[PDB]
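> This is the structure, below, for whatever I ask next.
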Amino acid sequence: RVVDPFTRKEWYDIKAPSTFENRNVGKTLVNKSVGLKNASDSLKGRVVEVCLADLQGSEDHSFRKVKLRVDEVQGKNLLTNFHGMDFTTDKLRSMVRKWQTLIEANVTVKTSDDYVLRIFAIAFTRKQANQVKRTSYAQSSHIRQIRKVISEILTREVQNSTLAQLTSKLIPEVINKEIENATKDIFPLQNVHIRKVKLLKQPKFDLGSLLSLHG
Amino acid sequence: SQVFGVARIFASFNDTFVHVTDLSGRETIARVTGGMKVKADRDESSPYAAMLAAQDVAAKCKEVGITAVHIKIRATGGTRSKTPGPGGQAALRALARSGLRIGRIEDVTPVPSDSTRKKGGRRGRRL
Amino acid sequence: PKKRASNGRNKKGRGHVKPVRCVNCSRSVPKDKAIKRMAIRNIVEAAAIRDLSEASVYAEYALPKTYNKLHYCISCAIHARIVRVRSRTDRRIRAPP
Amino acid sequence: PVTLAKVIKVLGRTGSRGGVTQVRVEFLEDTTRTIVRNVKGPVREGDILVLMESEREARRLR
Amino acid sequence: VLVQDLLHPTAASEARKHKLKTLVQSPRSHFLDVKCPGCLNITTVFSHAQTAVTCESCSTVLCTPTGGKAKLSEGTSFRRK
Amino acid sequence: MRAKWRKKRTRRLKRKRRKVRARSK
RNA sequence: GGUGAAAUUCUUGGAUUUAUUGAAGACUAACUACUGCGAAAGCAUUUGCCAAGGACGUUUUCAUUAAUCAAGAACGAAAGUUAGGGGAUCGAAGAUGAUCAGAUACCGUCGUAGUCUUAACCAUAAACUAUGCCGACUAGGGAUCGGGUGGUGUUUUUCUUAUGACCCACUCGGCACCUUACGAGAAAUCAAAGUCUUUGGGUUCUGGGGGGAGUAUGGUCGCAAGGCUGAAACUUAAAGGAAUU
Ligand SMILES: [Mg+2]
Ligand SMILES: [Mg+2]
Ligand SMILES: [Mg+2]
Ligand SMILES: [Mg+2]
Ligand SMILES: [Mg+2]
Ligand SMILES: [Mg+2]
Ligand SMILES: [Mg+2]
Ligand SMILES: [Mg+2]
Ligand SMILES: [Mg+2]
Ligand SMILES: [Mg+2]
Ligand SMILES: [Mg+2]
Ligand SMILES: [Mg+2]
Ligand SMILES: [Mg+2]
Ligand SMILES: [Mg+2]
Ligand SMILES: [Mg+2]
Ligand SMILES: [Mg+2]
Ligand SMILES: [Mg+2]
Ligand SMILES: [Zn+2]
Ligand SMILES: [Zn+2]
């Protein structure tokens with residue numbers, strides 16, 4: 001018996017939400033539709049990980065990955081919704097050098113459009129111009145203050161208009177900039193990166209929302 | 001312009017895997033396990049075997065449709081080694097020089113935030 | 001006699017700290033005697049870059065680099081490995097070379 | 001399959017027993033490649049070296 | 001160092017040493033008379049005030065004590081007397 | 001010779017002696 | 001799978017591997033240092049709380065209230081013992097493949113106690129910085145950590161100060177260094193191990209060749225395991241410290 005999985009495999013093409021400048025991202029190669037267990041209910045819970053520097057074209061976002069879950073099934077086409085704005089393992093580790101303090105802010109939030117999200121913020125103290133002090137630390141209480149400020153900023157940003165706006169904001173890193181602007185008055189800080197985004201709870205399937213991210 | 005695959009190299013200290021998946025990763029294209037190509041168990045961590053495996057995978061894939069490839073690399077970890085062993089680099093080289101286009105190499109080694117008590121037992125492994 | 005004024009390593013105004021398991025022997029060794037070489041290496045060989053540049057989608061993408069902090073414990077810090085053995089005279093040099 | 005590459009520089013001599021040379025091979029078909037190769041025996045600069053092996057390479061001999 | 005006069009110390013050397021370590025144990029603290037923008041007369045405030053301070057009649061904060069010295073609010077004029 | 005081992009042996013002997021005493025009792 | 005080699009075990013049941021989630025229990029990497037804190041042992045997810053603590057400030061207050069302390073107490077790692085929960089992981093015994101002259105030893109594979117807890121006990125460690133503690137002084141130098149002071153100090157900008165992070169100058173307190181000896185060392189080494197033949201700043205506690213020996217006998221404290229305390233007979237001329245060829 002022939003067991004070759006090319007005759008019994010279907011070649012679909014992945015479309016990213018209207019938040020990203022590139023329409024099509026890649027080619028998902030799943031299963032040729034046979035009666036019972038059809039390639040429509042077979043999908044959904046399949047998440048594609050892809051970078052932003054292909055989705056935008058700009059190589060400023062060469063770091064950081066984006067996770068996209070299947071939410072829309074069409075005729076010989078799959079349309080996806082956002083899931084997890086994560087970070088590249090090599091870039092975060094290159095940010096972590098000796099001497100500078102790593103500040104990790106971790107916030108659980110709820111969306112206005114009814115979704116449970118988790119946002120992490122990895123920050124570093126900077127050896128600014130004219131510093132003879134070879135080491136570059138913080139002062140523990142200062143770290144805590146910074147974390148609190150970051151949490152406040154996250155609360156401000158989230159609970160305000162959907163995931164689609166949040167994703168857009170993430171795209172050219174505006175949140176980071178705003179945090180830097182805020183926290184410059186407590187402790188210097190370089191990088192200040194949003195790193196990881198984790199979505200937890202999805203209540204309904206919906207349709208309108210899915211549509212609104214395509215056109 | 002190009003069809004993109006995901007390589008997912010598991011070249012741990014003992015055996016290599018060139019387990020080429022989709023883009024979500026749920027459906028595999030071709031795997032060809034690194035230690036299958038050479039039936040000498042000394043030559044499983046060997047670069048040559050890995051290279052051969054990679055070549056085989058390229059033959060399966062490049063001459064069927066997939067032209068471009070993102071390369072994930074992990075040589076185990078968590079409790080094991082956390083370090084790229086012999087066979088990953090060789091595999092990558094093979095992939096490059098068989099003719100397949102590269103879509104950004106990356107390392108996804110499982111690194112814990114401090115894990116369970118790993119093997120050895122305090123005094124550890126004795127060579 | 002004591003080989004070092006630092007006796008072991010680093011445990012001063014501290015004491016009885018936290019253990020690390022090693023790279024190769026995987027043995028329980030204090031996070032001071034630990035010996036941390038710290039490996040920064042690009043994913044491919046030094047000669048296996050030109051070829052990659054020639055055959056790739058993303059033209060002029062440059063390289064990712066692995067950052068692996070090794071915990072090469074005193075015992076298995078030496079086979080033909082790093083740190084060697086220094087003269088009892090020239091042991092009081094803390095410099096990275 | 002047949003390949004051949006000219007030698008240009010010797011990267012010393014390595015081996016437990018010794019004798020076996022580490023060479024830098026440059027391909028006369030496309031000079032863009034300079035590979036580290038294991039060569040057994042007396043070898044200088046500017047010699048055509050036939051290779052049954054296509055891509056596999058090793059440095060140290062132990 | 002052969003001979004140093006440990007009875008006539010120079011004005012800089014004494015400054016270098018702290019408070020009690022000098023030959024005459026005297027405070028470095030000069031506590032001040034204040035001229036707040038509201039009131040019309042002088043009031044005494046310590047340089048290291050410990051607790052919260054009021055000027056005269058109205059409960060106006062003059063100095064916030066943080067660490068060593070006192071953080072004088074807004075900007076007032078003061079002398080050592 | 002190791003001292004720890006010796007100590008252990010001594011302890012064992014002591015235990016044995018105790019047992020013997022108990023038996024006698 | 002596994003190592004320097006293979007071999008056990010798991011397998012067309014789809015093993016391994018690739019996603020997704022879920023389950024559980026410990027553990028908090030990278031930041032992590034000649035750095036913090038604490039009476040030590042110890043301690044590293046954050047944020048809430050509940051108290052405590054040094055250090056620093058200080059034209060406060062008290063007024064010798066102190067230093068060390070046989071007694072007696074409070075804590076005290078890990079293993080271990082009792083119960084009850086939890087039971088992923090590693091793993092004493094226990095199997096099982098090897099290796100071996102022989103492995104019940106190192107290597108490999110599984111695996112009950114235990115690890116983690118809530119209640120008890122236990123009280124030892126190379127509980128080590130092998131340096132009792134509180135003092136006082138003698139030497140130079142940076143570097144931090146913590147809090148203070150002065151900067152016509154610099155970029156920070158929202159005009160401008162005011163902060164906070166920076167830079168220099170100082171100190172005060174701490175962990176530590178590096179350099180010498182001019183001392184002390186038996187030296188190795190040491191800013192204390194210095195002020196010790198010019199030998200008495202205060203105090204506790206120990207040791208008197210090695211072995212027998214931390215044993216035997218008592219006593220106690222313990223559910224037990226053991227801990228505290230602690231000999232002698234006999235036995236030998238060495239045991240040992242540091243350095244040197
Ligand atoms: Mg094991
Ligand atoms: Mg301390
Ligand atoms: Mg958990
Ligand atoms: Mg941590
Ligand atoms: Mg710290
Ligand atoms: Mg326990
Ligand atoms: Mg046997
Ligand atoms: Mg056994
Ligand atoms: Mg074992
Ligand atoms: Mg098991
Ligand atoms: Mg004791
Ligand atoms: Mg002692
Ligand atoms: Mg200014
Ligand atoms: Mg401050
Ligand atoms: Mg005696
Ligand atoms: Mg007794
Ligand atoms: Mg002797
Ligand atoms: Zn080691
Ligand atoms: Zn007023």
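Residue names in the structure tokens use chain letters A, B, ... in the order shown, residue numbers from 1 in each chain, and ligand numbers from 1 in the order shown.
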List every residue of chain E that DSSP, applied to the backbone of this structure, places in helix (DSSP H, G or I), and write the result as a PyMOL selection string.
chain E and resi 11-16
> Let me see the file: selected residues, C-alpha atoms, as a PDB file, in the first residue's frame.

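This is the output file out32.pdb:
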```pdb
ATOM      1  CA  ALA E  11      40.634  74.554  58.089  1.00  0.00           C
ATOM      2  CA  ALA E  12      40.527  71.935  55.296  1.00  0.00           C
ATOM      3  CA  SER E  13      41.891  68.981  57.289  1.00  0.00           C
ATOM      4  CA  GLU E  14      39.250  69.477  59.989  1.00  0.00           C
ATOM      5  CA  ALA E  15      36.543  69.639  57.303  1.00  0.00           C
ATOM      6  CA  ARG E  16      37.836  66.340  55.876  1.00  0.00           C
TER       7      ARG E  16
END
```
> Residues at most 7 Å from segment 78-80 of chain A, counting only C-alpha atoms (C1' of nucleotides), excluding those fewer than 2 positions away in the same chain, as a tab-separated table (two decimals) with C-alpha atoms, in the first residue's frame?

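This went into result02.tsv:
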```tsv
chain	number	residue	atom	x	y	z
A	12	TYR	CA	-3.17	25.88	2.01
A	13	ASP	CA	-1.81	29.46	2.14
A	14	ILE	CA	-1.71	31.54	5.37
A	15	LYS	CA	-3.13	35.07	5.55
A	16	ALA	CA	-2.18	37.42	8.41
A	17	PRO	CA	-4.54	40.08	9.97
A	68	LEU	CA	-1.10	33.16	14.99
A	69	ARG	CA	-3.97	30.72	15.66
A	70	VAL	CA	-6.37	29.52	12.92
A	71	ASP	CA	-9.81	31.12	13.41
A	72	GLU	CA	-11.15	31.37	9.83
A	73	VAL	CA	-11.43	28.48	7.35
A	74	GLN	CA	-12.12	29.27	3.67
A	82	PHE	CA	-3.41	36.76	16.76
```
> Can you tell me which residues sit at most 10 Å away from ligand 4, counting only C-alpha atoms (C1' of nucleotides) and all ligand atoms, written as a list in words?
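Checking only C-alpha atoms (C1' of nucleotides) and all ligand atoms against ligand 4 at 10 Å gives residues 102 and 104 of chain A; 113 and 114 of chain B; 28, 29, 30, 31, 32, 44 and 45 of chain G.
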> Would you mind listing what lies within 12 Å of residue 33 of chain D as an NGL selection string, with only C-alpha atoms (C1' of nucleotides) counted and same-chain residues fewer than 2 positions away left out?
(:B and (97)) or (:C and (47-52 or 54)) or (:D and (5-8 or 24-31 or 35-37 or 55))
> Identify every residue of chain B that has at least one atom within 9 Å of any atom of chain D, counting only C-alpha atoms, and report the result as a list in words.
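Listed by rising number, the hits are residues 47, 48, 51, 90, 93, 94 and 97 of chain B.
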> Include N, CA, C and O atoms and write out the residues we just selected as an mmCIF file, in the first residue's frame.

```
data_model
loop_
_atom_site.group_PDB
_atom_site.id
_atom_site.type_symbol
_atom_site.label_atom_id
_atom_site.label_comp_id
_atom_site.auth_asym_id
_atom_site.auth_seq_id
_atom_site.Cartn_x
_atom_site.Cartn_y
_atom_site.Cartn_z
ATOM 1 N N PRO B 47 29.532 14.045 12.723
ATOM 2 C CA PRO B 47 28.998 15.063 11.827
ATOM 3 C C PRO B 47 28.602 14.485 10.479
ATOM 4 O O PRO B 47 27.635 14.951 9.902
ATOM 5 N N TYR B 48 29.365 13.502 10.007
ATOM 6 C CA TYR B 48 29.203 12.916 8.686
ATOM 7 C C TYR B 48 27.801 12.342 8.520
ATOM 8 O O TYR B 48 27.117 12.602 7.514
ATOM 9 N N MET B 51 25.204 15.015 8.326
ATOM 10 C CA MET B 51 25.296 15.628 7.003
ATOM 11 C C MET B 51 24.520 14.788 5.995
ATOM 12 O O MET B 51 23.725 15.326 5.204
ATOM 13 N N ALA B 90 26.884 20.622 11.082
ATOM 14 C CA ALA B 90 27.103 19.804 9.893
ATOM 15 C C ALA B 90 25.816 19.693 9.086
ATOM 16 O O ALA B 90 25.830 19.853 7.856
ATOM 17 N N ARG B 93 25.053 22.893 7.347
ATOM 18 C CA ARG B 93 25.961 23.003 6.209
ATOM 19 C C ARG B 93 25.411 22.224 5.023
ATOM 20 O O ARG B 93 25.372 22.730 3.891
ATOM 21 N N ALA B 94 24.981 20.995 5.312
ATOM 22 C CA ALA B 94 24.433 20.101 4.299
ATOM 23 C C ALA B 94 23.202 20.722 3.655
ATOM 24 O O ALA B 94 23.067 20.713 2.424
ATOM 25 N N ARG B 97 24.263 23.571 1.338
ATOM 26 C CA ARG B 97 25.027 23.182 0.142
ATOM 27 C C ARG B 97 24.371 22.129 -0.758
ATOM 28 O O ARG B 97 24.876 21.842 -1.852
#
```
> Can you check which residues of chain A have any atom within 9 Å of chain G? Use only C-alpha atoms (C1' of nucleotides) and format it as a PyMOL selection string.
chain A and resi 45-47+93+96-103+105-106+128-133+135+138+184-188
> Name each residue within 12 Å of ligand 9, counting only C-alpha atoms (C1' of nucleotides) and all ligand atoms, as a list in words.
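These are the residues that qualify: residues 119, 120, 121, 122, 123, 124, 125 and 126 of chain B; 90, 91, 92, 96, 105, 106, 107, 108, 109, 110 and 111 of chain G.
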> Pick from D:34, D:22, D:54, D:14: nearest to residue 98 of chain B, with only C-alpha atoms counted?
D:54
> Residues within 8 Å of ligand 5 (only C-alpha atoms (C1' of nucleotides) and all ligand atoms), as a PyMOL selection string?
(chain A and resi 140) or (chain G and resi 35-36)
> Write the selection just made, keeping N, CA, C and O atoms (P, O5', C5', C4', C3', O3' and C1' of nucleotides), as a PDB file, in the first residue's frame?

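Wrote it out as part-v3.pdb, contents follow:
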```
ATOM      1  N   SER A 140      17.308  48.118  44.480  1.00  0.00           N
ATOM      2  CA  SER A 140      16.235  47.216  44.968  1.00  0.00           C
ATOM      3  C   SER A 140      14.833  47.819  45.148  1.00  0.00           C
ATOM      4  O   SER A 140      13.881  47.351  44.517  1.00  0.00           O
TER       5      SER A 140
ATOM      6  P     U G  35      33.728  43.214  45.642  1.00  0.00           P
ATOM      7  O5'   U G  35      32.236  43.536  46.101  1.00  0.00           O
ATOM      8  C5'   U G  35      31.530  42.712  47.052  1.00  0.00           C
ATOM      9  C4'   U G  35      30.050  42.985  46.943  1.00  0.00           C
ATOM     10  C3'   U G  35      29.186  42.576  48.124  1.00  0.00           C
ATOM     11  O3'   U G  35      29.229  43.500  49.215  1.00  0.00           O
ATOM     12  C1'   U G  35      28.134  41.923  46.104  1.00  0.00           C
ATOM     13  P     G G  36      28.747  43.046  50.692  1.00  0.00           P
ATOM     14  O5'   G G  36      27.157  43.078  50.591  1.00  0.00           O
ATOM     15  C5'   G G  36      26.440  44.314  50.403  1.00  0.00           C
ATOM     16  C4'   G G  36      24.955  44.072  50.538  1.00  0.00           C
ATOM     17  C3'   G G  36      24.525  43.506  51.879  1.00  0.00           C
ATOM     18  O3'   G G  36      24.298  44.612  52.741  1.00  0.00           O
ATOM     19  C1'   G G  36      23.592  42.199  50.138  1.00  0.00           C
TER      20        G G  36
END
```
> Which residues are close to residue 3 of chain B, i.e. within 12 Å by only C-alpha atoms (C1' of nucleotides), leaving aside same-chain residues fewer than 2 positions away? Reply as a PyMOL selection string.
(chain A and resi 11-14+24-29) or (chain B and resi 1+5-6+22-23+61-62+64-70+100-103) or (chain C and resi 57)
> Write out the residues from the selection above, keeping N, CA, C and O atoms, as an mmCIF file, in the first residue's frame.

```
data_model
loop_
_atom_site.group_PDB
_atom_site.id
_atom_site.type_symbol
_atom_site.label_atom_id
_atom_site.label_comp_id
_atom_site.auth_asym_id
_atom_site.auth_seq_id
_atom_site.Cartn_x
_atom_site.Cartn_y
_atom_site.Cartn_z
ATOM 1 N N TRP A 11 -2.406 21.727 0.272
ATOM 2 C CA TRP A 11 -1.474 22.849 0.362
ATOM 3 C C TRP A 11 -2.242 24.176 0.466
ATOM 4 O O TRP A 11 -2.614 24.776 -0.548
ATOM 5 N N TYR A 12 -2.486 24.608 1.704
ATOM 6 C CA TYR A 12 -3.168 25.875 2.006
ATOM 7 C C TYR A 12 -2.170 27.030 2.162
ATOM 8 O O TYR A 12 -0.995 26.798 2.440
ATOM 9 N N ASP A 13 -2.647 28.265 1.995
ATOM 10 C CA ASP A 13 -1.808 29.464 2.142
ATOM 11 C C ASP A 13 -2.293 30.367 3.279
ATOM 12 O O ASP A 13 -3.489 30.674 3.365
ATOM 13 N N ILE A 14 -1.361 30.795 4.140
ATOM 14 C CA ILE A 14 -1.706 31.544 5.366
ATOM 15 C C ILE A 14 -1.765 33.057 5.166
ATOM 16 O O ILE A 14 -0.813 33.675 4.663
ATOM 17 N N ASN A 24 -0.130 37.680 2.825
ATOM 18 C CA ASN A 24 0.196 36.260 2.926
ATOM 19 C C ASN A 24 1.541 36.065 3.615
ATOM 20 O O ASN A 24 2.498 36.794 3.328
ATOM 21 N N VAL A 25 1.612 35.085 4.521
ATOM 22 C CA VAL A 25 2.864 34.813 5.254
ATOM 23 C C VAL A 25 3.588 33.531 4.787
ATOM 24 O O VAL A 25 4.811 33.546 4.602
ATOM 25 N N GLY A 26 2.837 32.449 4.585
ATOM 26 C CA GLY A 26 3.415 31.172 4.169
ATOM 27 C C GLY A 26 2.420 30.177 3.606
ATOM 28 O O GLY A 26 1.287 30.537 3.256
ATOM 29 N N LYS A 27 2.853 28.921 3.534
ATOM 30 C CA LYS A 27 2.073 27.837 2.943
ATOM 31 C C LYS A 27 1.952 26.647 3.909
ATOM 32 O O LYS A 27 2.892 25.856 4.054
ATOM 33 N N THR A 28 0.799 26.542 4.574
ATOM 34 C CA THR A 28 0.510 25.421 5.481
ATOM 35 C C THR A 28 0.068 24.198 4.673
ATOM 36 O O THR A 28 -0.848 24.283 3.854
ATOM 37 N N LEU A 29 0.722 23.065 4.917
ATOM 38 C CA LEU A 29 0.483 21.843 4.145
ATOM 39 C C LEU A 29 -0.063 20.744 5.059
ATOM 40 O O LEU A 29 0.707 20.038 5.728
ATOM 41 N N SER B 1 6.756 34.094 -3.425
ATOM 42 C CA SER B 1 7.946 33.729 -4.250
ATOM 43 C C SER B 1 8.494 32.341 -3.906
ATOM 44 O O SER B 1 8.856 31.573 -4.804
ATOM 45 N N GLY B 5 9.572 26.104 4.821
ATOM 46 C CA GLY B 5 9.470 25.007 5.786
ATOM 47 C C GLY B 5 10.197 25.326 7.082
ATOM 48 O O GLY B 5 10.883 26.345 7.179
ATOM 49 N N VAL B 6 10.034 24.459 8.080
ATOM 50 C CA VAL B 6 10.690 24.613 9.386
ATOM 51 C C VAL B 6 11.502 23.346 9.675
ATOM 52 O O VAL B 6 10.947 22.252 9.721
ATOM 53 N N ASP B 22 5.910 21.613 9.152
ATOM 54 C CA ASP B 22 5.138 22.574 8.361
ATOM 55 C C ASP B 22 5.576 24.022 8.647
ATOM 56 O O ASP B 22 6.697 24.414 8.312
ATOM 57 N N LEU B 23 4.674 24.807 9.240
ATOM 58 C CA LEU B 23 4.958 26.157 9.736
ATOM 59 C C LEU B 23 4.290 26.363 11.095
ATOM 60 O O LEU B 23 4.797 27.107 11.939
ATOM 61 N N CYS B 61 12.671 16.700 0.058
ATOM 62 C CA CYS B 61 11.878 17.926 0.158
ATOM 63 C C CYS B 61 12.036 18.918 -0.987
ATOM 64 O O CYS B 61 11.041 19.413 -1.503
ATOM 65 N N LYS B 62 13.283 19.202 -1.370
ATOM 66 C CA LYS B 62 13.607 20.142 -2.454
ATOM 67 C C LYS B 62 13.096 19.655 -3.812
ATOM 68 O O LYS B 62 12.694 20.463 -4.657
ATOM 69 N N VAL B 64 10.377 18.000 -4.302
ATOM 70 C CA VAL B 64 8.934 17.771 -4.143
ATOM 71 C C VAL B 64 8.116 19.080 -4.087
ATOM 72 O O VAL B 64 6.932 19.082 -4.440
ATOM 73 N N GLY B 65 8.749 20.175 -3.656
ATOM 74 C CA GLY B 65 8.084 21.480 -3.587
ATOM 75 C C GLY B 65 8.768 22.551 -2.755
ATOM 76 O O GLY B 65 9.009 23.658 -3.247
ATOM 77 N N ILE B 66 9.073 22.218 -1.499
ATOM 78 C CA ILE B 66 9.616 23.171 -0.512
ATOM 79 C C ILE B 66 11.044 23.602 -0.875
ATOM 80 O O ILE B 66 11.960 22.773 -0.932
ATOM 81 N N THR B 67 11.211 24.905 -1.118
ATOM 82 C CA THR B 67 12.492 25.485 -1.548
ATOM 83 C C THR B 67 13.205 26.276 -0.445
ATOM 84 O O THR B 67 14.439 26.263 -0.372
ATOM 85 N N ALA B 68 12.427 26.959 0.395
ATOM 86 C CA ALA B 68 12.971 27.787 1.475
ATOM 87 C C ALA B 68 12.729 27.152 2.844
ATOM 88 O O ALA B 68 11.715 26.474 3.051
ATOM 89 N N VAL B 69 13.664 27.368 3.773
ATOM 90 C CA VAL B 69 13.595 26.737 5.098
ATOM 91 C C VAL B 69 14.125 27.600 6.258
ATOM 92 O O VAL B 69 15.274 28.050 6.251
ATOM 93 N N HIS B 70 13.244 27.844 7.228
ATOM 94 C CA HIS B 70 13.620 28.346 8.548
ATOM 95 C C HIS B 70 14.252 27.186 9.299
ATOM 96 O O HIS B 70 13.747 26.065 9.234
ATOM 97 N N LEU B 100 19.096 24.219 -0.848
ATOM 98 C CA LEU B 100 17.942 24.829 -0.169
ATOM 99 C C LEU B 100 18.238 26.228 0.366
ATOM 100 O O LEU B 100 19.294 26.468 0.960
ATOM 101 N N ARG B 101 17.288 27.136 0.147
ATOM 102 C CA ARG B 101 17.370 28.515 0.632
ATOM 103 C C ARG B 101 17.086 28.571 2.133
ATOM 104 O O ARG B 101 16.253 27.810 2.642
ATOM 105 N N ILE B 102 17.777 29.473 2.829
ATOM 106 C CA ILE B 102 17.673 29.600 4.289
ATOM 107 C C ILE B 102 16.791 30.788 4.691
ATOM 108 O O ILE B 102 16.986 31.911 4.213
ATOM 109 N N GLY B 103 15.820 30.511 5.562
ATOM 110 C CA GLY B 103 14.897 31.516 6.082
ATOM 111 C C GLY B 103 15.074 31.777 7.566
ATOM 112 O O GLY B 103 14.150 31.561 8.349
ATOM 113 N N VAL C 57 17.308 33.244 1.616
ATOM 114 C CA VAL C 57 16.218 34.149 1.233
ATOM 115 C C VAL C 57 16.558 35.567 1.688
ATOM 116 O O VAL C 57 16.630 36.490 0.869
#
```
> Between G:121, G:176, G:133, G:239, single out the one closest to chain C, counting only C-alpha atoms (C1' of nucleotides).
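Looking at the shortest contact to chain C, the residue is G:176.
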> Return as JSON, numbers by chain the residues of protein, DNA or RNA that approach ligand 16 to within 8 Å, with only C-alpha atoms (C1' of nucleotides) and all ligand atoms taken into account.
{"G": [216, 217, 218]}
> Near chain B, which residues of chain C fall within 10 Å when you count only C-alpha atoms, and what do they look like as an mmCIF file with C-alpha atoms, in the first residue's frame?

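Final output, part26.cif:
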```cif
data_model
loop_
_atom_site.group_PDB
_atom_site.id
_atom_site.type_symbol
_atom_site.label_atom_id
_atom_site.label_comp_id
_atom_site.auth_asym_id
_atom_site.auth_seq_id
_atom_site.Cartn_x
_atom_site.Cartn_y
_atom_site.Cartn_z
ATOM 1 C CA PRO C 19 24.675 24.550 44.492
ATOM 2 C CA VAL C 20 24.980 24.106 40.701
ATOM 3 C CA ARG C 21 25.156 20.866 38.730
ATOM 4 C CA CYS C 22 28.032 20.763 36.216
ATOM 5 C CA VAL C 23 28.205 20.561 32.402
ATOM 6 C CA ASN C 24 29.932 17.212 31.735
ATOM 7 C CA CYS C 25 30.168 15.412 35.103
ATOM 8 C CA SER C 26 26.905 17.084 36.236
ATOM 9 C CA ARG C 27 28.080 17.178 39.878
ATOM 10 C CA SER C 28 26.896 19.377 42.782
ATOM 11 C CA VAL C 29 29.353 22.271 43.023
ATOM 12 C CA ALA C 39 30.515 30.789 25.595
ATOM 13 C CA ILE C 43 25.486 29.152 15.310
ATOM 14 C CA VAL C 44 27.722 28.059 12.378
ATOM 15 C CA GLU C 45 31.487 27.627 11.806
ATOM 16 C CA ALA C 48 30.446 28.168 6.992
ATOM 17 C CA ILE C 49 29.082 31.737 6.601
ATOM 18 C CA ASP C 51 28.042 29.719 1.674
ATOM 19 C CA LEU C 52 25.021 30.666 3.790
ATOM 20 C CA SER C 53 25.185 34.229 2.469
ATOM 21 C CA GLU C 54 25.295 32.877 -1.092
ATOM 22 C CA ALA C 55 22.274 30.578 -0.552
ATOM 23 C CA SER C 56 19.538 32.274 1.535
ATOM 24 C CA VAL C 57 16.218 34.149 1.233
ATOM 25 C CA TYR C 58 17.044 37.019 3.605
ATOM 26 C CA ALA C 59 20.015 38.700 1.927
ATOM 27 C CA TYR C 61 20.451 39.159 7.565
ATOM 28 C CA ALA C 62 23.728 38.637 9.541
ATOM 29 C CA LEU C 63 24.119 36.043 12.341
ATOM 30 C CA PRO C 64 22.374 34.898 15.530
ATOM 31 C CA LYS C 65 24.713 34.018 18.417
ATOM 32 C CA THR C 66 24.422 31.507 21.280
ATOM 33 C CA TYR C 67 25.115 32.742 24.812
ATOM 34 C CA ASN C 68 25.861 29.716 27.007
ATOM 35 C CA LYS C 69 27.106 30.256 30.562
ATOM 36 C CA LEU C 70 29.114 27.138 31.392
ATOM 37 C CA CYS C 76 36.153 18.497 35.267
#
```
> In chain E, what's strand (DSSP E or B) per DSSP? Answer as a short mmCIF file (atom, residue, chain, number, x, y, z; two decimals) with C-alpha atoms, in the first residue's frame?

```cif
data_model
loop_
_atom_site.label_atom_id
_atom_site.label_comp_id
_atom_site.auth_asym_id
_atom_site.auth_seq_id
_atom_site.Cartn_x
_atom_site.Cartn_y
_atom_site.Cartn_z
CA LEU E 32 18.78 78.37 60.71
CA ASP E 33 16.36 81.28 60.90
CA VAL E 34 13.79 81.09 58.08
CA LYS E 35 11.95 83.67 55.95
CA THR E 43 11.50 81.48 62.94
CA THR E 44 14.07 78.85 63.99
CA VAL E 45 14.40 75.56 62.06
CA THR E 54 5.19 74.66 61.05
CA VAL E 61 5.43 72.88 55.88
CA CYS E 63 11.15 71.33 55.77
CA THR E 64 10.67 67.66 54.87
CA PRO E 65 13.27 65.56 56.77
CA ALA E 70 16.04 68.77 55.66
CA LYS E 71 14.42 69.34 52.25
CA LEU E 72 13.34 73.00 52.46
CA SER E 77 15.88 82.58 52.35
CA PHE E 78 18.00 81.62 55.38
CA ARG E 79 21.06 82.56 57.48
#
```
> Could you give me, as a list in words, every polymer residue with an atom at most 7 Å away from an atom of ligand 19, counting only C-alpha atoms (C1' of nucleotides) and all ligand atoms?
residues 36, 37, 38, 39, 58 and 60 of chain E
> Can you spit out the residues from that selection as a PDB file, in the first residue's frame, using C-alpha atoms?

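Just written: part_37.pdb:
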```pdb
ATOM      1  CA  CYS E  36       8.882  81.926  54.485  1.00  0.00           C
ATOM      2  CA  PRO E  37       6.890  83.674  51.658  1.00  0.00           C
ATOM      3  CA  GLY E  38       3.773  84.054  53.881  1.00  0.00           C
ATOM      4  CA  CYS E  39       4.948  85.249  57.314  1.00  0.00           C
ATOM      5  CA  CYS E  58      -0.764  78.678  59.649  1.00  0.00           C
ATOM      6  CA  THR E  60       2.739  75.527  56.447  1.00  0.00           C
TER       7      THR E  60
END
```
